[PDB]
Every structure is written in C-alpha cells, then in structure tokens.
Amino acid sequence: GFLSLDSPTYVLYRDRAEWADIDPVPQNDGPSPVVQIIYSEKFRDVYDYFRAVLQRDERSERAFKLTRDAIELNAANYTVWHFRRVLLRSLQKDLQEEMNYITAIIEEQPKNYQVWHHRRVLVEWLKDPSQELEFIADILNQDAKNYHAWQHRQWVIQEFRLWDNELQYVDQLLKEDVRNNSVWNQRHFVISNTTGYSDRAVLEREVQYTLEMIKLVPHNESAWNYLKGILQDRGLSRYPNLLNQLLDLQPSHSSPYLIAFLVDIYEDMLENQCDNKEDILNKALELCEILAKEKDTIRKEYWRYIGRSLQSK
C-alpha cells in the first residue's frame, strides 16, 4: 500500500502514525554551509527519514517503501539505490515485481546511470534476459540514440549471447534513420562478434551496402566513417577498384567526405610503397590544401597537419 507523492492526500512522514516510533535525521551540512540546497519540505521530509532508517540499518518493509519515494525525489541518489537493493536481498522481495518497477522508472527518466545499473543487477540475479531486447527497443523507440540503452543492449546480447536477430534490428533502425550513428556502431558490434569482416562474402556485402547508402545520402558522415572503419584494417591500398569507385562520385555525389576518404587512400598507398609516389602525393597535398582553404575549413589545422605529415614521407 503506497501513498503517491503526487496524491492529493499525501501526508509528510512526520504526520504518519506508522512512523511515530522513529525520529527523522536532519542532514548535517555543518555550521557554515556551502552549495547548500534549500529542499522543498516533502523532500527534506522523505530524506530525514531515509537517514533515520539507513542510520540504524532498518531492513524493514516500510524502509523499502520509503526508498521508493526517496528515489522518486532524486533517482540519481546512488546510496538510496544501494540500500534499496539491500532490502531486496533481506526482505527477499519478488524481483520480477522489481523489474516492473525499474521498468517504469527507466521509461520516465532513461538518462540515469543508477536506473540501468539497477536493472542490470536484477537481470543478473534472476539470470533472466527474456524481456530485455523488447524493453530496450521501447526506450530506443523514444530515443533511438539513448547511450545507456545501447550499452545495456550490447551487454545483454553478449552475455546471454543473443545475437541471431540483432543485425536484423540494425537494418530496421538504419532504415528509420540512416544517420543514426548509434545503429552503425551497433551494426559493427554485431558483425565484429558474429562473422567478422574477413569472409569476403561479408566484406563485399557491407562495402557494397555502405557505398549504396553513401550514394543515397552523400553527406552522411556515419556511412563514411563506417566505410573507412571496415577497410582501414588491411589497408585501403589493397582495394585498387575502391579509389576508382570513389572518383566516379566526384561530380554526381561530391562531399568533403569523399575528398577526405581519398586522402586516406593516398595516405595508405605511400605507406605501402605504391607506384607514382611523386604523382599521388601532390594529388594528396592538393586535396589537403583544398580541404584546408575551401571545402572543410573548420579544421584547417588538421588538414594542414596532413600535408605537413605526408610532406615528410
């Protein structure tokens, strides 16, 4: 039986009968307070009693219900969450109910470390991950980039080892927003742990796919960072068609990303003793200067560092 902090008939704990046996404990900020918070009086109230209960380490059902309000007033108070999760152990609370709870809390405020770490704990205790991918998807449906949701999602996938349908989920989201960089990351996560990018059949698919996505949204930096990300480990110089492929795009699908990916190719070719080391370089130094003077000035220091490096090898 909980009485909602939002209930119109809510009564401060100092006016409750079931809590008269206990003296609340006011917080001690010392005699000369700094960054002192002038609490509301509902908040002061809840915590003065949390201090009391915590003080005498009262592992009771009322303490349990009190942590709920303490949490609702400041979901970021990790001491409360710790103590609460101590009561789950002592009072042997139905943890599947605790899931329902942490589920509501996360829904209402998903950018909180405590809330997710608390869910993680329940999941570990119950050793049950059956409802995680769905829960995460609902959160990610409200915020397709919630960093906690993804981090929690990878954790689940890699622990319970539930890979089989994730890359499918990744295609779903990229289709909903090809610029969701969290999804491209997720895509690389899924592959890096499933097949890897050695199987030419896969590298092919991905690179073909990525180039296609690039063609559709030329100025989508994620596709590019991904294209360079899956090829940079073996060296872009070992894919002779690639350079060509891109230069065809110069006119119809131009962007300063194309310009910069080329520099990366040239960079890697001098590194791997290409031929026309004289030629290729100037071409590379030209682009770096273009990027520095016109195409991508916000980072002239970088593109001017590049000529300057390739100027000494």
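When you see a residue number, it is the position in the sequence shown, counting from 1.
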With reference to the PDB entry, specify whether the mean Cα temperature factor is higher for 67-75 or for 201-209.
201-209
When the Cα temperature factors in the entry are averaged, is it 219-227 or 140-148 that ends up higher?
219-227
Entry record, C-alpha B-factors for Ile38, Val35, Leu287, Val46; the maximum is at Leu287
Split into thirds by Cα B-factor across the chain's modelled residues, where does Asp171 land: lowest, middle or highest?
middle
Chain third (lowest, middle, highest) by recorded CA B-factor, residue given as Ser90
middle
Would you check the entry's CA temperature factor for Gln232 and let me know if it's in the chain's lowest, middle or highest third?
highest
How does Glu134 rank on Cα B-factor within its chain, lowest, middle or highest third?
middle
Report the third (lowest, middle or highest) to which the CA temperature factor of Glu159 belongs, ranking only the modelled residues of the same chain.
middle
